[PDB]
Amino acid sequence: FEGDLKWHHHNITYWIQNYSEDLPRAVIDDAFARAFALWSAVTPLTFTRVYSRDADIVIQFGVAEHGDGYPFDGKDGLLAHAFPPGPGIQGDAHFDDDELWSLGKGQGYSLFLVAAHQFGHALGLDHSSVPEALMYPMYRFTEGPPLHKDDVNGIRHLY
């Protein structure tokens, strides 16, 4: 994940490989679309859902070991991870399905916020030192616009 590359195109495509059993597919698709919309709203980037491995960002829910050298740890802890821009697995976003995925206030983790964070990494964004920023390393649920001034500046500095 220590990559230093950005996408050389702005028409990004994503493929939802599979789903979590905690939420309806329609809810999941909408959550991801809304997470992407957060970044496309402040950049010339566009995100189009596709149905092929040829997508730039492949999204998948997994548990424990799932193919890469970074297995999930089950309940809590690591919630998900994504690889920086590049071919192959690069740009892909993985979500730990051992977590209780939900939305808004309440128990469990907001798939919307975590996705937005993950897509940030999939776009090449590094972590923020601002505790209130979306790209902060530690998950924290709060209401209001997910993107903090620092997140906007970071993404705009790249695209």
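Rigid core (definition): largest C-alpha set, two forms, superposition within 1.5 Å. Numbering starts at 1 and follows the sequence shown.
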*Just give me the stretch that moves more in 6 other deposited structures of this protein: 113-121 or 97-105, judged by RMS C-alpha distance after a core fit.*
97-105
*Return whichever of 66-74 or 28-36 has the larger RMS Cα deviation from the displayed form in 6 other deposited structures of this protein, where every structure is aligned on the rigid core.*
66-74
*Should the higher mean CA B-factor in the entry be assigned to 87-95 or to 103-111?*
87-95
*asked:* Tell me which stretch, 47-55 or 115-123, has the higher mean Cα B-factor listed in the entry.
replied: 47-55
*Grab the CA temperature factor for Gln17 from the record and place it in the lowest, middle or highest third of its chain.*
middle
*Tell me, lowest, middle or highest third: where does the Cα B factor of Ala41 rank within its chain?*
middle
_Lowest, middle or highest third - CA B-factor, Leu147_ = middle
*Based on the entry's values, in what third of the chain does the Cα temperature factor of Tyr70 lie: lowest, middle or highest?*
highest
*Once the chain's modelled residues are ordered by C-alpha B factor and cut into thirds, is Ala133 in the lowest, middle or highest one?*
middle
